[PDB]
Amino acid sequence: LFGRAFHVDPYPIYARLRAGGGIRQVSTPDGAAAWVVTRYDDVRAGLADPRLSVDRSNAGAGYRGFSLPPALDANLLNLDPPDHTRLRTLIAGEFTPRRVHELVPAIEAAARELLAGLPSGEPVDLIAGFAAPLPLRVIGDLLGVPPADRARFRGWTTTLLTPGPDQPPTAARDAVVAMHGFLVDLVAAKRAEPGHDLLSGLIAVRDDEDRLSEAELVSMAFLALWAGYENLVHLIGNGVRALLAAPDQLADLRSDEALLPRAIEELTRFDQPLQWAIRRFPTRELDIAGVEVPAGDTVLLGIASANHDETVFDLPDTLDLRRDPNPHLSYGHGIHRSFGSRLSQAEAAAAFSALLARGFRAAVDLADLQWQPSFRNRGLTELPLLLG
Ligand code: HEM
């Protein structure tokens, strides 16, 4: 079900769930239950449905904390309107497409520099050597991390969000405490000595005396770390593996540089890491996929399953970099849709462009690759490569 087969490849299980009607109540060995929703139409409608809340105040007695919001305290992903509308409007005033555009030259140079620090003709781990350092560098720039704090930031972000498979189970918990204090301290530093980063701009943001609070700023930083590092690291890793697993697609991409933007969207649809949206709670009894779901029940909308729905995408379990249209739901839909669609697309393009220019091949048999044991975030433990 949601064990070894699911961790190695979840899409055959998603196919069974869609074939079974697209909604099922699943239970842990301890009796915690949630509804998994797996068909594109229901996942898309669910994501935006105003009757599906992210606020735990609307959860019922059976709530056990599936697919939690990626931050402590009030944040965009645990609030409904009107409180959500305020935060979104405030943050959108500085998290702008122009900000992302102006970061692209630095992102592209960082990708070239990181890959250039990796030797050729020698097994190298793409994750620790490239796919993790690049987003970590970008999110550090975005949050204005000073150079003296980059080492501690890297260590705690990695322990928090990309743990080793044999990391002590308490280390990531401790990293929550460590990073909360780091982020509180970082906000204080920017409050005193402002720069041109997002955190500084967010502190300056004002709506007729309305401002963002310390807790709101720190919570937003946690959200940025989750999606700007954990999601992006494995978007790159899973994308490279998918390219290596489909040589003909790789050869087409290598022959047509203009294919890259559409190729990244297919790579995202094919194996982006996020399997479920943030848990949702019907504020009323709601018909989902033909089942009347009780108010307050936990509902998991299967983004990854939807991206492989055969009723939308032809041959959905095959990589087709020229797939068109490609209405993948990887960045959400509705009021909570991702702030980072473009940023992710820019970091992915920089990462794949540098890899394509350097040359790369698997250093191991792909069947010997190991996947991290997660329910929500699909990613590789390591990906040994040979660089040109
Ligand atoms: C580039 C870095 C990224 C940043 C800074 C970022 C930022 C955010 C933020 C702030 C939200 C909350 C928006 C809200 O609730 O109003 C969000 C939601 C979301 N992001 Fe991202 N994101 C990034 C990358 C990604 C990636 C790589 C994916 C996966 C393909 C992704 C998928 C999502 C989804 C699905 C949601 C909505 C969750 C839900 O509605 O349950 N994002 N993102």
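Cut-offs used in this document
Residues numbered from 1 in each chain as written, not as in the entry; some residues may be left out. Heavy atoms only, no water. Residues with missing side-chain atoms left out of burial classes, pairs and counts. Buried < 20%, exposed > 50% of the residue type's maximum accessible area, 1.4 Å probe, protein only. Helix = DSSP H or I, 4+ residues; strand = E, 2+ residues; numbered from the N terminus. Arc of directions from axis to C-beta. Contact = heavy atoms within 4.5 Å. Pairing = 2+ DSSP bridges. Axes fitted to C-alpha atoms, helices over the stretch in contact; angles between N-to-C directions. Donors = N, O, S within 2.8 Å, 3.2 Å for Na, K, Ca; no water. Near = heavy atom within 4 Å. Polar contact = N/O pair within 3.5 Å; in protein donor to acceptor, adjacent residues only side chain to side chain. Core = buried A, V, L, I, M, F, W, Y, C linked by side-chain atoms within 4.5 Å. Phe/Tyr/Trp six-rings, centres within 6.5 Å; stacked < 30°, edge-to-face > 60°. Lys NZ or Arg CZ within 6 Å of the ring centre and 35° of its normal. UniProt positions renumbered as here; feature names shortened; annotations may be inferred.

- This entry lists X-ray crystallography as its structure determination method and reports a resolution of 1.85 Å.

1. Looking at helix α2 (residues 11–19)
Piece 1. Along α2, the positions that sit buried rather than exposed are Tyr11, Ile13, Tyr14, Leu17 and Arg18. Take α2 and look down its axis: the buried residues cluster within an arc of 150°, on one side only. α2 presents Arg16 and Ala19 as exposed residues on the side facing more than 90 degrees away from its buried surface.
Piece 2. On the buried face of α2, the contacting elements are α1 (4–8), β1 (23–27), β2 (33–37), α13 (260–271) and α14 (303–307).
Piece 3. Residue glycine 21 follows α2 closely and has a positive phi angle near 115°.

2. Topic: the sheet that holds β1
Piece 1. The 3 strands are arranged β1-β2-β8 in an open sheet whose pairing can be described as mixed. The two strands at the open ends of the sheet, each matched to only one other strand, are β1 and β8 (299–301). Across this sheet, the average inter-strand angle for adjacent strands is 30°, counted without regard to direction.
Piece 2. Against the sheet, helix α3 (residues 40–48) touches β2 and β8, its axis set at about 115° to β8.

3. Side note on the coordination of the iron atom of the ligand
Piece 1. What the protein offers the iron atom of the ligand as a donor is a single atom, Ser338 (OG), at 2.4 Å.
Piece 2. Structurally, the position occupied by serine 338 is in the loop between α14 and α15 (341–358).

4. Quick notes on the site of the ligand
Piece 1. Lining the immediate surroundings of the ligand are 27 residues, of which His84, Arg88, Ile278, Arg280 and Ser338 lie closest.
Piece 2. One nitrogen or oxygen atom from the main chain of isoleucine 278 is found 2.8 Å from an oxygen atom belonging to the ligand.
Piece 3. One nitrogen or oxygen atom from the side chain of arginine 280 is found 2.8 Å from an oxygen atom belonging to the ligand.
Piece 4. Broken down by element, the residue count for the shell around the ligand peaks at 5 residues, all from helix α11 (residues 214–245).

5. Concerning the nonpolar core
Piece 1. Grouped together as the largest cluster of nonpolar side chains are 104 residues, with contacts concentrated most on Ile91, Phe130, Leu183, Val240, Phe352, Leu355 and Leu385.
Piece 2. The biggest single contributor to this core is α11, with 16 residues.
Piece 3. Residues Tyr11, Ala32, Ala34 and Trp276 belong to the second largest nonpolar core, which totals 12 residues.

6. Topic: the packing of aromatic side chains
Piece 1. Counting across every chain of the model gives 12 aromatic pairs.
Piece 2. Taking the centre distance of 5.2 Å and the plane angle of 85° together, the rings of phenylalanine 2 and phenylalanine 375 count as edge-to-face. Of this pair, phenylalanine 2 sits in the segment before α1 while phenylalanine 375 sits in the loop between β9 (360–362) and β10 (384–387); the two residues are 373 residues apart in sequence, bridging distant segments of the chain.
Piece 3. Joined through ring pairs, the aromatic side chains of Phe2, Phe6, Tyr11, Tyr14, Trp276 and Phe375 make up one cluster.
Piece 4. Across the ring face of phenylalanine 360, the terminal group of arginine 254 is positioned such that the distance to the ring centre comes to 4.9 Å.

7. Things to note about the UniProt feature "binding site: heme b" (unreviewed entry) in the protein chain
Piece 1. Here the UniProt feature "binding site: heme b" (unreviewed entry) sits at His84, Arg88, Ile278, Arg280, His336 and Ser338.
Piece 2. Residue classification places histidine 336 among the buried positions, given a relative accessible area of 16%.
Piece 3. Apart from residues lying up to four places away in sequence, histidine 336 is in contact with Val54, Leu76, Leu77, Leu79, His84 and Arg88.

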